[PDB]
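First up is the structure itself, then whatever we jot down about it.
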Amino acid sequence: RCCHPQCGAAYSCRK
């Protein structure tokens, strides 16, 4: 998962 600010819009909090 990547729900951090390092991924931004391209995060993976859930979907």
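Identifiers in the structure tokens: chain A, B, ... in order shown; residue index from 1 per chain; ligand index from 1 in order shown.
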
What's the 6 Å shell around residue 11 of chain A, counting only C-alpha atoms, without same-chain residues fewer than 4 positions away, as a ChimeraX atom specification? /A:2-3,7
